[PDB]
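Form deposited in one PDB entry, single chain, as structure tokens, below.
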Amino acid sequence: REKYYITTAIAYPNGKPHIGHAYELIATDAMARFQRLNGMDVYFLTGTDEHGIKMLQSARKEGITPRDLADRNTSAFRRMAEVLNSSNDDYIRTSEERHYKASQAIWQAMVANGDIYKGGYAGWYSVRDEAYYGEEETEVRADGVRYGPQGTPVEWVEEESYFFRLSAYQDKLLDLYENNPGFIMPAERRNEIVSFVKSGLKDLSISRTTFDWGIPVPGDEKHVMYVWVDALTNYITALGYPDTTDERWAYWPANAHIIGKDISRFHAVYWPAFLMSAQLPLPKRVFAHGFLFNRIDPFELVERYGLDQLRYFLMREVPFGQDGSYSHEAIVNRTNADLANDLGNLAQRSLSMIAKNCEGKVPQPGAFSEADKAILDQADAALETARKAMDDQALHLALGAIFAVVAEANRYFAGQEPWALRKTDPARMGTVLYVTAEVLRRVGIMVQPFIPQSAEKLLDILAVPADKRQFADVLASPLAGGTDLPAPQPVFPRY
């Protein structure tokens, strides 16, 4: 019943999908699936940012229109979403008419608030540095040329441009950060943002006259919208903006925008200012993840390691928010240890013993020992730890909690030696096997968002009905003695 709206930043399709795009989508997919399983009404968006001079230039090099090039390149990004088992509810492309309409509506809403004017984007510019400088940072030298602070020439350049009055939003933004401490996370991103805004905000250039591959400025179509208004507006286009009677519009404001660290300023300064101007509520959180370093191509990685192995590796190994590294060795070893051995072989050993010794039926549990209770209770408590962690986008901590249950369940199983009980105390063997399977059911439910296909197969070999797989079922729906289980197969083979 409670609504939950989560988004990824939109990708720029002037190339192939890379591991950065996949990482962001995987992480956001896991967060979306988690909230569905937690009983929320979820809407999950991703998409592509298709306008701009770079897309126009690539299109000319290839002898096709920009719209045609966008159609062609975005299709690989859509393929990436499919191959990664993304549950996104919609896919937004800034070339779509609905986006053109939404961007022109938010532009006009900011004009009506008094926040947009026509002027001159003008300053000392260094072609070699690709940077603008204040006059005070420059000096005319012996040759008569003016130089900027990096010792390269600068020259005055000037273009007509519309501006957003960002300077009017300094205090409102500082108020926002003070009243919503979680508005921009992790903490280091917040400190960078607050210091930036405290240093003083200048009005923001929001149009270009140099190319026509973009959305025309209403009332002045020699200008097109620059990236700021065009790309950021996607998040409301997908909910039917400007039509506030659309059923989807109740999802606004977003619960979380998931982004890379390089675009933090744009989501935590520019976007909220635009929203305030346009009389719209603000997202509850912007969370910036880090970057990954090989130390290549997501399709190749999925083929080589398996989808769920990659998904798990990326979310478990790198604390979400930090930079990290992947390598062949790290992926193989981590996924062999946690998935093929710990989880996968726990299921294979226990469930084959049920097949062989308990007639393929869940055994009827007797009294639980202290050890039995401890592992059962540990599994329950991991659900709560996972929920709290996911409220803070701490994916690694959710997975860590869940896989600590798996590690402990292996210790439990080995310590009980149920093979030895087969002779001496078959009923006790049955109870140990029941406990191991029931812990596996709870773990299976809890890992669905992170490794969906593999979790599903695990739950299928536990004969869990399709309508008993919500997080509420962890507590309410234990395995019933006497249930027929299918012959088990390894869920995670070793690499």
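From 1 onward, residues are counted along the sequence shown. Only the largest set of C-alpha atoms that superpose within 1.5 Å between the two forms is called the rigid core.
The form deposited in another entry exists for this protein as well; it is not shown, and the discussion that follows is about that form.
Of the residues listed here (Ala414, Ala381, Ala250, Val145), only one shifts its CA by 2 angstroms or more between this form and the one not shown after fitting on the rigid core, and it is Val145. A displacement of 2 angstroms or greater separates the C-alpha positions of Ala131 between this form and the one not shown, with the rigid core held in common.
The rigid-core alignment places the CA of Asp171 less than 2 Å apart between this form and the one not shown. The Cα shift for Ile64 between this form and the one not shown, taken after rigid core superposition, is 2 angstroms or larger.
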